[PDB]
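A lone chain, given as structure tokens: the form solved without the RNA.
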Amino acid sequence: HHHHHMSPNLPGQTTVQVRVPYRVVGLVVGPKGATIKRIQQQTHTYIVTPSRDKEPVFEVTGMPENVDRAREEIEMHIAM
């Protein structure tokens, strides 16, 4: 993207990919991004939301234990 850049993570932090069904990206983001903002604050992670018509993949950055916690909150927003 012309308006984004790659930055190295803080020491000890990793970045993983969390794939969701395309229909539930809006559920994870929530109204005005309140849901995805709550996940970042509660899990102490940095999460990039995928674009409009791109791969429904969230990029979660943080400590490995915190990144795993953020992955579960994202995957819980998926109906069976």
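All residue numbers are counted from 1 along the displayed sequence.
Beyond what is shown, the protein has a form deposited with the RNA bound; the following relates to that form.
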(message) in the entry with it bound, does each of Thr43, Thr61 and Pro64 have a heavy atom within 4.5 Å of the RNA?
(response) no
(request) Determine whether any heavy atom of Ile39 comes within 4.5 Å of a heavy atom of the RNA in the entry with it bound, and answer yes or no. (result) no
(request) Flag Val18 as yes or no: does it have a non-hydrogen atom within 4.5 angstroms of any non-hydrogen atom of the RNA in the entry with it bound? (result) no
(request) Would you mind checking 10-34 for residues with a heavy atom within 4.5 Å of the RNA in the entry with it bound? (result) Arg23, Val24, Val25, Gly26, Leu27, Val29, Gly30, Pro31, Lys32, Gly33
